[PDB]
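S.K.: Once you've had a glance at the structure underneath, I'll fire off some questions.
Note that each Cβ is placed from the backbone with ideal geometry, even for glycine, and that neighbours are counted across all protein chains shown. Taken together, the values in this text are just the output of simple stated rules run on the coordinates, not laboratory data.
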Amino acid sequence: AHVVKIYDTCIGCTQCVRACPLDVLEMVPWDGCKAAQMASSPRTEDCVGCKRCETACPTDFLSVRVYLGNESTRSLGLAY
Amino acid sequence: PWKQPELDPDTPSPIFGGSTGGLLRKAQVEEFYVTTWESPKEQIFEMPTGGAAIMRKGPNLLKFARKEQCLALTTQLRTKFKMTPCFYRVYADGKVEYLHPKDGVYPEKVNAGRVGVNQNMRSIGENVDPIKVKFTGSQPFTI
Amino acid sequence: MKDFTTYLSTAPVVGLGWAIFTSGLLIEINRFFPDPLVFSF
Amino acid sequence: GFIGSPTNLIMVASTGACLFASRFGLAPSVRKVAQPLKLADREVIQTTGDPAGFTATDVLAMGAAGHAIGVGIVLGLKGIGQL
Amino acid sequence: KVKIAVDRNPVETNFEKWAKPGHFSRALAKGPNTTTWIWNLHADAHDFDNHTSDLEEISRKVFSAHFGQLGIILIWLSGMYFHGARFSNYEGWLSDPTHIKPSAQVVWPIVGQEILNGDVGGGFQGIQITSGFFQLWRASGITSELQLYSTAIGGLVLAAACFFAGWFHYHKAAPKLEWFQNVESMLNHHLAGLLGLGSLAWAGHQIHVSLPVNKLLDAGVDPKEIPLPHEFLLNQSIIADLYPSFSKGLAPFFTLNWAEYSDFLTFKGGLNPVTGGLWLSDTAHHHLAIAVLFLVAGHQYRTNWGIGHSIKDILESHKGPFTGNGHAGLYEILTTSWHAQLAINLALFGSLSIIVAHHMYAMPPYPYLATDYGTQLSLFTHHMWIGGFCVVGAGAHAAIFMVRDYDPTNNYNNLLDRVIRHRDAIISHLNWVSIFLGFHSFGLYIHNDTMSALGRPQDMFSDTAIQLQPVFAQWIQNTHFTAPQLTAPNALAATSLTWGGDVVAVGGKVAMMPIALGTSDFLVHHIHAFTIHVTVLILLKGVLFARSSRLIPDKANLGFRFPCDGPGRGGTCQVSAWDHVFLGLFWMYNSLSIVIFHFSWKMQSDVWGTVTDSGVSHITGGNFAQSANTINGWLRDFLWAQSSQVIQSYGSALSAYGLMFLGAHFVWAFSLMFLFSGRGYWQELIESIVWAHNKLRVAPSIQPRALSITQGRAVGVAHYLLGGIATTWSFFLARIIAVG
Amino acid sequence: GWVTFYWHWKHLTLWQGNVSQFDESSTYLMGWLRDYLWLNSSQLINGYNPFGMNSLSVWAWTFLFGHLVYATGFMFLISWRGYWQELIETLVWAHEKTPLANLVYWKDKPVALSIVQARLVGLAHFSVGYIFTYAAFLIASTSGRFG
Amino acid sequence: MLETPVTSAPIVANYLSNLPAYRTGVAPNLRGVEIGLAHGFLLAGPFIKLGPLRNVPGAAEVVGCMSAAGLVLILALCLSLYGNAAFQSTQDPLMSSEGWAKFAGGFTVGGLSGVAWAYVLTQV
Ligand code: CLA
Ligand code: CLA
Ligand code: CLA
Ligand code: CLA
Ligand SMILES: CC1=C(/C=C/C(C)=C\C=C/C(C)=C/C=C/C=C(C)/C=C/C=C(C)/C=C/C2=C(C)CCCC2(C)C)C(C)(C)CCC1
Ligand SMILES: CC1=C(C/C=C(\C)CCC[C@H](C)CCC[C@H](C)CCCC(C)C)C(=O)c2ccccc2C1=O
Ligand code: SF4
């Protein structure tokens, strides 16, 4: 499926997870940010690449990136 | 959460007529998703696969063909009535997979029990150029 | 007055004023100098 | 129009029949409701001396209905060559 | 129960909010920082549902906006009457309407545009107008320019009164929500007063003013020697001489002997041979009957006096077994949602505009209207396009209601819920119908073109090889030609000349004549039905899938007007209902363009022309029976055979039509860069221009940004529609003025 | 298209001997539309008609063909993926829930074309229509009156 | 899921039950023979009507019959292609690979038989 990569510039604001319509991201404990939270993608096989997480990222550039490629039944959003 | 709940097919479905955007042949060929919640009273909600239904006072079970529909129903129930539902995925052979509350605390929380995966420890824009990774099968963002 | 003046100070109103001013200037120039093509004093 | 003309007679009869119908059940009125039958309602307007539910808007509505039925009957009978 | 509910002075008339451009929404209240704010200023200006959540303020704003639009309309009408009063040859046109072209716009000689003031006749120079205002004023009994001046001044006065009325009814005395929700009182007052009373007033004007002036004009007397309408109003001798039944003096009306009014309230259905228009007595009896019917219909709903009908009770009572809750929650929907009422009003208004265009080309209800081919063509095309725009806005605002004002609590098993519940079957069946229609019409056209290019005229679907005649339309035409014979014996002739009969001509030009229907007519009618079906499919798919779909289950949370949901699931570009309306606008444009092309070619080939002693010589010689069956026939015998007047109009008064034609081609071509492409390219180009202005230290404080994807689509569809509309307008007007 | 319009009009006016027509007509775009795109297209459009057919029937047919492929390019360039994907989903339901036709099935799930794929298909249809239309017009105008 | 009166009609149910595709009471060869016979008989119709030789008497029916036979053969080839390329991987024998091959053979046999029957009926 698609590739979801999260960098260290994330501030743990949990906006990307709330904007996710397929429950791909998660919040794990961290020490590199003030909020002590870091975004993770343990369910990247269910991500369709809608880039809704990138819209909700408040940091400049993007702390979360979605790269398309190798579309599957789950990645193409097919009910059939 | 502490113990992963097991789905019950005998739980009553919410009061609804016939759906046209319901489960297709993929439900009997590939996996299909099933959402469960616990309604304290009877009320009318809007399904993502059609019009409106009425949930029963008790357990409620619904079936969908896409995980996006299940999470849309979950967030609608959480925003409108604070229901906290949970959906499983059932394959063709009957294998049941727990999907939304992986640690039972919802992904908005942390719970100090999830290991962060697919996290690049370098800043964005510090990735190598595609010329550096050529004829290797490794993307610049996958390292 | 000053609120109406600041409304007149908005960009579309002053653009409209420039539009009428420039159009009227060019139209009066064309009317009192009928169809010139080459600068010949 | 003319006093004693057949059109005058039958349109006066139609208006009086509409008024009599409104006074006693029959035609729906201000105090009469519901689609299949007629049921009692609120008095709405004071009748000003008239017994039962017979107010000014009742006589206005049923006089209008009587005039309409009368002119329709007159023109229909004139179209077929009758009175 | 029904009463006036008005709040006194809720909004103070202050200019403090005119200084701040963005004030209606909190998003724009923070001030501008990018240029996309400015477009957002001009996009959410009338989005009153987004400014406030209170229905009362939205209703007050709607009332004020309607008053403003009526004031604008009255200003435009007063300006039209003023232009007819001063810069017009209406008095010259009244002397000889069959030789002087109607002109009401005069240009200023500045840069050589004075050549646009053509020789319209009657010692006048101007632009030949196609609005038909001259025929409307002749139908209204207007003779001198003083009456037009008085009408213009009265229109300006009423426009100022309506503008002050909007200011008063918003700022001073704002009606409450309960005042707007009295739908029964609104319907009763509109049926009885807005429509019926106006119909009776226009009927009385036609009886007392328009009929004698039109009769004297048809008699051939001097318009200057025609007595003034007040002479007909006050003195009864002239109206008794013109109509003996006026000598009775309202006796037959109040004695029910209405047949005595038959001299000036006639039923001679057809065209007046003197002027080629509808009989004014027929229009008088028509508007009188319409007024009577509407005053009858306006006493239907119960408001405050017990008697009447309840809309909610009627809607709840009409429930069948196959529909569940039949029309249950619709009364609450239409009394709380402005957008549902907007969709209903726009759909019915557009359909009625299409009806107006069809029944106005069919029956010209104006003296010397059918002789002016340009006026009839322009009026038909204009009403056609306004109707199409209204019926696509109906789908747009229905989708807006579906996104915003739909409540699933009030719609459990009602009709809207069942429509949403079988929308997929609806869309699939409509898609199959559209595909089948497009195949068996356009593939028929391609078949005809191929077998023409293959040298097989006997293999074509033409009027000579394979007779696919419209037997139903021909049977209906024959039945309506016999409508006065057996089923409506009181009519003197047929209700229109399109069904059949003879040829009515005015001044040597044919006003109306029977229209023959062949295989080409069946082909173009089925093509029109196919295009309408496709547009209906697009707009219905936009409306029904506005809330959710299999592709996107949470489309309602994204709003009505969003560009996309990213490239996920393969790509979700143009998935919103707004994008569906944007796509259906082009299909509406294509449908109406084909319709008006069919109208122009059919009436130029089989209706219009000149009348000589040998017969009726049409403009194009009746090639529609042999050329309309192929696409190359429309390409050559309709688009290339015509449009020669547009390209040869240079150096004449019609050269502005050619310039407008070129500009319309330009705008249509310029729209394609917004229709195609995207946003990131222009954003990076704007970034490069930002670098260029930053090098010179002339970078603006307001950051320039590319247009939004929805904004870019809107700009593209707007310029595309404007270019196509003005292209057809210029081509039609130049062709119909030069050769007509 | 601009360079070929210029070449074709200048050379056609040179071969006809009316170079003054191009000199006084290429200044304004009415001359380009009328004296070039309208005057020289008279023999092209008359390739096939109810009257008969001349040798330029194939050129008229492929001219209309090129205009048609231009329109299909407009189809694939203006409309984007979401509407067609939802329509494909509705057609999938229609094929799934029908008697006497649901016995057959697709080995691969039908999906809407990609946005890059849509741009490529629209570009290909646009360029094919452009090339065919101009080739038809050029050959029919230069060969219908010369040899 | 959405039941309708027309889909759940008992008359519609028994009309679709005894159809050769949904009978499930016979070998695929007989179902293919019936399908080919019916569809060839109806497909010969538009070919004996509006073909290029429809003005020439006698030869129009023959040309339409060979065109219908060619269309039947093309449909049989596409049926065999679908059977080979659809059921190549793992209770109705029609859904099987060789079952669909036998169905295609019955389909083409029925198609040529129906074309011959239509030729006989048009000649008589
Ligand atoms: C019989 C009485 C009557 C009449 C004639 C009208 C007429 C009108 N109403 Mg109204 N309405 C009425 C009663 C009436 N209303 C009642 C009782 C209610 C409350 C239930 C409403 C609630 C209502 C709403 C909510 C809206 C209208 C609107 C309109 C306009 C529709 C646009 C149109 O057709 O342009 C026709 C235009 C003309 C004929 C030009 C002349 C218009 C003149 C000035 C109006 C004169 C009639 C007026 C009602 C007299 C009373 C006002 C008086 C105090 C000065 C029109 C002017 C719409 C609007 O706001 O438009 C501004 C609108 O949205 N009506
Ligand atoms: C809205 C439409 C309309 C209007 C305005 C008129 C108006 C008129 N028609 Mg027409 N008519 C109409 C429809 C109409 N009619 C229709 C539908 C028909 C059916 C075919 C006719 C058939 C018809 C015929 C056959 C004749 C007329 C005639 C007349 C005139 C007689 C008026 C009269 O006696 O009525 C009744 C009028 C009143 C009772 C007056 C109204 C009450 C006043 C205004 C009260 C004012 C009080 C005020 C406070 C005090 C003054 C104020 C001041 C001090 C400042 C009048 C000019 C007759 C005519 O022209 O001869 C004169 C004639 O022969 N008409
Ligand atoms: C009965 C008339 C009517 C009414 C009252 C409304 C009211 C509304 N509509 Mg609707 N609409 C209508 C007709 C109507 N519409 C029709 C006929 C169409 C089809 C064309 C639409 C299509 C439509 C869409 C697609 C949308 C609306 C929206 C809206 C809302 C805000 C509109 C706004 O802010 O525009 C502000 C004004 C402008 C943006 C200016 C528009 C100017 C156009 C684009 C170009 C004008 C060209 C002009 C004729 C020639 C210019 C030439 C040049 C050289 C000068 C509001 C609820 C929007 C919304 O959010 O709904 C809630 C929305 O998305 N409407
Ligand atoms: C002339 C160009 C053109 C053509 C042919 C089509 C064709 C189609 N569009 Mg459209 N469309 C176009 C331009 C065009 N579009 C443009 C410019 C736009 C932008 C506004 C759109 C926007 C649009 C939308 C929004 C929708 C469509 C839809 C449709 C379908 C309707 C099917 C139908 O009724 O006709 C049947 C098809 C034809 C008649 C094609 C003509 C070609 C011949 C006659 C067919 C046979 C060819 C040949 C004999 C076989 C060759 C075999 C082999 C050699 C290849 C169809 C696929 C709708 C849809 O999906 O289906 C309902 C729909 O919703 N289109
Ligand atoms: C017994 C009694 C009495 C008596 C009473 C009476 C006798 C009454 C009457 C009343 C009446 C007698 C009334 C009436 C009314 C009427 C009306 C109200 C009508 C109408 C109106 C109108 C307005 C019309 C219209 C129209 C037209 C014009 C056209 C169309 C049709 C119509 C018809 C609708 C007394 C008191 C002594 C004592 C006690 C008791
Ligand atoms: C060109 C283009 C742009 C760039 C266009 C922009 C930035 C809009 C520019 C508007 C200008 C500023 C309007 C005013 C133009 C003149 C300066 C005003 C008239 C001047 C005369 C009176 C002298 C987009 O942003 C875009 C977005 C989405 C789809 C397609 C496109 C698209 O095609
Ligand atoms: S939206 Fe961005 S900054 Fe916020 S938690 Fe997600 S990756 Fe981190």
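S.K.: Chain C: D in µm²/s via Stokes-Einstein (Kirkwood Rh, Cα pairs, 10 °C, 1.306 mPa s)? Before the final figure, lay out the partial values.
M.R.: On the way: Rh = 12.4 Å.
This corresponds to a translational diffusion coefficient of 128 µm²/s.
S.K.: Then there's this: Could you tell me how many cubic angstrom of Cα convex hull volume the range E:98-181 has per residue?
M.R.: Measuring per residue, one finds 191 Å³ for the Cα hull of the range E:98-181.
S.K.: Hey, rough spin-label estimate for E:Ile115 and E:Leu194, points 7 angstrom out along Cα→Cβ, what's it come to in nanometres?
M.R.: 4.9
S.K.: Return B:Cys86, A:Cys47, E:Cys390 ranked ascending by Cβ neighbour count within 10 Å, so the fewest neighbours appear first.
M.R.: Details: B:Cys86 22, A:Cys47 25, E:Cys390 19.
Ascending Cβ contact count within 10 Å gives the list E:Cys390, B:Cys86, A:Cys47.
S.K.: How large is the helix-only mean residue ellipticity at 222 nm for chain E, computed as the sum of -39500 (n - 2.57) over DSSP H runs with n ≥ 4, divided by its residue count, in deg cm²/dmol to the nearest 500?
M.R.: Details: 32 runs with 392 residues, N = 740.
Theoretical 222 nm ellipticity from helices: -16500 deg cm²/dmol.
S.K.: Just report the Cα centroid separation between the range E:366-433 and the range E:143-190, whole Å.
M.R.: Value for the Cα centre distance between the two parts: 28 Å.
S.K.: Under a no-solvent Debye model with one identical scatterer per Cα of the range E:26-165, what's log10 I(q)/I(0) at q = 0.10, 0.13 Å⁻¹?
M.R.: The calculated log intensity ratios at q = 0.10, 0.13 Å⁻¹ are -0.56, -0.74.
S.K.: Highest first, please rank the peptides E:243-254, E:201-212 by the mean number of other Cβ atoms sitting within 10 Å of their residues. Intermediate values should be presented prior to the final figure.
M.R.: Numbers: E:243-254: 13.6, E:201-212: 19.6.
Highest to lowest by the protection proxy: E:201-212, E:243-254.
S.K.: Expressed as a whole percent, how much of the Cα-Cα distance distribution for chain D exceeds 18 Å?
M.R.: Working: 1675 of 3403 pairs.
Within chain D, distances greater than 18 Å cover 49 percent of Cα pairs.
S.K.: Starting from the Cα of E:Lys20, step 7 Å toward the Cβ, then list every residue of the range E:172-198 with an amide N under 14 Å from that point.
M.R.: No residues fall inside that zone.
S.K.: Using alpha carbon centroids, what distance separates the range E:493-568 and the range E:60-129, in Å?
M.R.: If you average the Cα positions of each part, the centres end up 32 Å apart.
S.K.: Test of understanding: what is the full-extension gain from D:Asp50 to D:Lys38, defined as 0.36 nm times their sequence separation minus their Cα-Cα distance? If you can, show how the numbers build up before the last one.
M.R.: On the way: separation 12, 0.36 × 12 = 4.32 nm, distance 1.96 nm.
Once the chain is fully extended between D:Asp50 and D:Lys38, it gains 2.4 nm.
S.K.: List residues of the range E:1-24, by number, whose backbone nitrogen lies under 18 Å from a label position 7 Å along Cα→C-beta of C:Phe4.
M.R.: Under cut-off, by backbone N: E:12-20.
S.K.: A follow-up question, please. Ratio of the protein assembly as shown's C-alpha Rg to 2.2 N^0.38 Å, to two decimals?
M.R.: 1.08
S.K.: So if I average 1/r over every pair of distinct C-alpha atoms in chain G and take the inverse, what Kirkwood radius in Å does that give? Please report the intermediate quantities before stating the final value.
M.R.: Numbers: mean 1/r = 0.0622 Å⁻¹.
Computed over Cα pairs of chain G, the Kirkwood hydrodynamic radius comes out at 16.1 Å.
S.K.: Say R0 is 35 Å: what FRET efficiency, to the nearest 0.05, do E:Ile355 and E:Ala29 get from their beta-carbon distance? Don't jump to the answer; show the numbers that get you there.
M.R.: Working: r = 45 Å, r/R0 = 1.29.
After rounding to 0.05, the efficiency reads 0.20.
S.K.: Please give the helix D:6-23 orientation as an angle from the longest Cα principal axis of chain D, in degrees from 0 to 90, rounded to the nearest 10.
M.R.: Between the helix axis and the principal axis of chain D, the angle is about 10 degrees.
S.K.: Distance from a point 7 Å along Cα→Cβ of E:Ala516 to each backbone N in the range E:577-614: keep the residues under 20 Å and list them by number.
M.R.: Of the residues in the range E:577-614, E:598-614 have backbone N under 20 Å from the label point off E:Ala516.
S.K.: Next question. Which entries of B:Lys26/F:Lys107; B:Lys57/E:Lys541; A:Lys34/E:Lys30; A:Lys51/B:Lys109 show an alpha-carbon separation above 24 angstrom in the structure shown?
M.R.: Details: B:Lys26/F:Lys107 12 Å; B:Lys57/E:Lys541 35 Å; A:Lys34/E:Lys30 29 Å; A:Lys51/B:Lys109 22 Å.
Table pairs above 24 Å Cα-Cα are B:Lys57/E:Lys541; A:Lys34/E:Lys30.
S.K.: Give me F:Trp80, G:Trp100 ranked fewest to most by other Cβ atoms within 10 Å of their Cβ, as a rough exposure proxy.
M.R.: Taking fewest neighbouring Cβ atoms as first place, the list is G:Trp100, F:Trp80.
S.K.: Turning to a different aspect of this structure: I'd like the antiparallel share, as a percent to the nearest 5, of DSSP beta bridges with both residues in the protein assembly as shown.
M.R.: Details: 45 of 49 bridges.
In the protein assembly as shown, approximately 90 percent of DSSP beta bridges are antiparallel ones.
S.K.: Could you state the number of Å between the C-alpha centres of the range D:15-83 and the range B:52-101?
M.R.: Taking the Cα centre of each part, the range B:52-101 and the range D:15-83 sit 61 Å apart.
S.K.: Would you please give the FRET efficiency between F:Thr4 and C:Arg31, computed as 1/(1 + (r/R0)^6) with r the Cβ-Cβ distance and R0 = 35 Å, to the nearest 0.05? Spell out each step's value before the answer.
M.R.: Values: r = 43 Å, r/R0 = 1.24.
With a Förster radius of 35 Å, E is 0.20.
S.K.: On C-alpha positions alone, give me the angle between the axis of helix D:56-79 and the longest principal axis of chain D, in degrees, nearest 10.
M.R.: The answer is roughly 20 degrees.
S.K.: At 0.36 nm per residue, minus the direct Cα-Cα distance, what do E:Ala251 and E:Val292 gain on full extension? Give it in nm, one decimal, please.
M.R.: 12.9 nm
S.K.: Restricted to Cα positions, what overall size does the range E:228-367 have along the principal axes? Three whole-Å values, descending.
M.R.: Largest first, the range E:228-367 extends 64, 40, 30 Å along its Cα principal axes.
S.K.: Let me ask something additional. Given the Cα-Cα distance of E:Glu12 and E:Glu316 and 0.36 nm per residue of separation, how much length would full extension add, in nm?
M.R.: Roughly 105.2 nm would be gained on extension.
S.K.: May I ask for the angle, rounded to the nearest 10°, between helix B:67-80 and the longest principal axis of chain B, with both axes built from Cα atoms and the value confined to 0 to 90°?
M.R.: The two axes meet at around 60 degrees.
S.K.: Counting only Cα atoms, I'd like the Rg/Rh figure for chain B, Kirkwood definition for Rh.
M.R.: Details: Rg = 19.7 Å, Rh = 17.9 Å.
Result: Rg/Rh = 1.11.
S.K.: Between E:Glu687 and A:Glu45, with labels modelled 7 Å along Cα→Cβ, what's the label distance in nm to one decimal, could you check?
M.R.: A separation of 3.6 nm, rounded to one decimal place.
S.K.: Label-point separation (nm) for E:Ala43 and F:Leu37, each offset 7 Å from Cα along Cα-to-Cβ?
M.R.: Between E:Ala43 and F:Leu37, the simple spin-label model gives 3.2 nm.
S.K.: Next question. What whole-number volume per residue, in cubic angstrom, does the convex hull of the C-alpha atoms of chain E give?
M.R.: Numbers: hull volume 170.6 nm³, N = 740.
Expressed per residue, the convex hull around the Cα atoms of chain E is 231 Å³.
S.K.: Please report, to two decimal places, log10 I(q)/I(0) for the range E:419-485 at q = 0.17 Å⁻¹ as given by the Debye formula with identical point scatterers on the Cα atoms and no solvent.
M.R.: -0.79
S.K.: Given the rule -39500 (n - 2.57) for each run of at least 4 DSSP H residues, summed and divided by the residues of chain B, what is its mean residue ellipticity at 222 nm, to the nearest 500 deg cm²/dmol?
M.R.: Working: 1 runs with 14 residues, N = 143.
After summing the helix terms and dividing by the residues of chain B, the value is -3000 deg cm²/dmol.
S.K.: Restricted to Cα positions, what overall size does the range E:526-680 have along the principal axes? Three whole-Å values, descending.
M.R.: The principal-axis extents, from largest down, are 71, 37, 23 Å.
S.K.: Take the Cβ-Cβ distance between D:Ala21 and E:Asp263 as r, set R0 to 35 Å, and report the resulting FRET efficiency rounded to the nearest 0.05. Each step should come with its number before you reach the end.
M.R.: Values: r = 39 Å, r/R0 = 1.10.
That pair, D:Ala21 with E:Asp263, gives E of 0.35.
S.K.: A further question follows. Please report the equivalent ellipsoid semi-axes of the range E:460-594, computed as sqrt(5 x eigenvalue) of the Cα gyration tensor, largest first, in whole Å. Don't jump to the answer; show the numbers that get you there.
M.R.: Details: eigenvalues 458, 63, 44 Å².
Computed over the range E:460-594, the values are 48, 18, 15 Å.
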